[PDB]
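Only one chain is given next, in structure tokens, and it is the form deposited in one PDB entry.
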């Protein structure tokens, strides 16, 4: 697909850097015509099959494709897409609030009820995504951003659709992932994937949201992958002493090895802990 060929620097005033990845850099920017602030994600094109650097066109095309289809309050919105000889620039909505977990670290421990306030927003967004048969495939704290952190009840936005996929009938999908600590066993054992994987991550995220401790993070990468696969974790009284029974039951119904037995996003919204 053909993207905007004009130089992004002709319509935007690129500036400060917000974050860096192996094949991408996101800089803050200001649109010249509106004076509005956005986020500029510079994805490095592979532009040479043999090369293991840069991202493949197919992968970029897919993220853009999914992004273009998204339109929900709890999901980042794609503004424009430019490209030149080396990069594909995605002008994304700006979540000036930064990471939800950084904002939370700056306040007194949230009550379980307040924690649920944020989690619900996450669920809403994932509810939208799964309703569109789209799996994020990379849900993790760092991808839970805040639109504005200087407001009564800050809004959360799910970002990074680089791993997102359009789950369609007819053909199974084997593997694609990131951080072991947050992926589901299906991903670890390269077994067929689906919307269930996102639900697993949700359970992992709520667990951290409540205890502040990761449920599967081990000493070595291998240990984590083994912890996740063996689906072994615990609600050690040290961290889950002030955690309701309903809270734990929610996490339990999500941290299930067998996908078909795991709670669906529809179920989670109806769970008594969420009410």
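We call the rigid core the largest set of C-alpha positions that still match within 1.5 Å between the two forms. Residue numbers count along the first chain shown, from 1.
The form deposited in another entry is left out here; the points below concern that form.
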Quick check on the comparison between this form and the one not shown: with the core aligned, only one of 110, 163, 132, 96 should show a Cα shift of at least 2 Å. Which one is it? 110
So with the core overlaid, does the Cα of residue 86 end up 2 Å or more away between this form and the one not shown? no
Once the core is aligned, does residue 154 move its Cα by at least 2 Å between this form and the one not shown? yes
